[PDB]
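Numbered from 1 within each chain, the chains take letters A, B, ... in sequence-line order. The analysis underlying the following values was restricted to heavy atoms, covering all of them including side chains, and did not include hydrogens, waters or symmetry mates.
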Protein chains: 2
Amino acid sequence: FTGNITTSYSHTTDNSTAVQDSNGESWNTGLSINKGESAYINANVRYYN
Amino acid sequence: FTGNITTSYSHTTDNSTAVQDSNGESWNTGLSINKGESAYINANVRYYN
């Protein structure tokens, strides 16, 4: 009939370093319109007599 | 014929610190145009008699 009791203690010290490099590109397109004055009209006309 | 039963208990305490430094650069270019008035025209003219 065997038995055993164990007690343990541990201490850990850690140091770390890190370097990150990032590059990115972006492309946007946009379109806006006014609902009051949306377009202009030109009329080609001739007079008669 | 041997046998064994083991029971264990563990407790861990941890503290950490970290410092991060970041530097970044950015460059943008943009071009916009109006589809109603896109350009202006100048005409070099002369009169004759």
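- By the side chain to side chain donor-acceptor pair (under 3.5 Å) test, A:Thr2 is found to be paired with no residue, residues two or more places apart in sequence or in another chain being considered.
- Every side chain to side chain donor-acceptor pair (under 3.5 Å) that B:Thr13 has, sequence neighbours left out, goes to B:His11.
- A side-chain hydrogen bond (donor to acceptor under 3.5 Å, both in side chains) check over residues 22-36 of chain B, counting only residues at least two apart or in different chains, returns nothing.
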### Message
Could you go through A:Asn4 and A:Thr6, starting from their C-alpha distance and side-chain angles, then the distance that decides it, and tell me whether this counts as side-chain hydrogen bond (donor to acceptor under 3.5 Å, both in side chains)?
### Response
CA-CA 7 Å; A:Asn4 169 296; A:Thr6 308; 2.7 Å; yes

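- Donor-acceptor pairing under 3.5 Å is recorded for the side chains of B:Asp14 and B:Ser16.
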